[PDB]
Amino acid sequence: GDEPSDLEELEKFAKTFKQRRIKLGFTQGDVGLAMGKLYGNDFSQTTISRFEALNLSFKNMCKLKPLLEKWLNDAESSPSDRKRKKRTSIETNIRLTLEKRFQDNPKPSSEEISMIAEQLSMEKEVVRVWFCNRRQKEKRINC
């Protein structure tokens, strides 16, 4: 049950949002900080870029547009008018040790994940997810 009119609404709003962002003097990175400080909806420059270029899914774009439009209408209306975990950086040295563990055994037990996280001074959950994503990558690249 696809709606052509919804795609048009998104195309139009994408074009006019970029237009009006620029006219207000905001970079893509500026929009993303304004939405965090003001509304709690922190968003990266990457995500604003994808939204303006329509390079998000239809569902993701639909969910962001009202959050973007609210920001824009406020920023243009000045006549006296919980949060995602930060993306953990994994340095090349750590990645290489995890890769070696993965080649040894691509599915460490929970006890083994604990040992690894302690060895590398990491949180158990980050190591757990690293192995999940690495197993997924192995399926993706050998499809």
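Residue indices: 1-based, along the sequence shown.
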Which class describes the count of deposited residues lacking coordinates between residue 81 and residue 82: none, 1 to 3, 4 to 9, or 10 or more? 10 or more
Comparing 124 to 132 with 12 to 20, where is the mean C-alpha B-factor higher? 12 to 20
Avg C-alpha B-factor, entry values, 57 to 65 vs 35 to 43, higher side is 35 to 43
Which listed residue, 118, 52, 112, 99, has the largest C-alpha temperature factor in the record? 118
Assigned third (lowest, middle, highest) for the C-alpha B factor of residue 28: lowest
Quick check on the deposited entry: does the C-alpha B-factor of residue 94 sit in the lowest, middle or highest third of its chain? middle
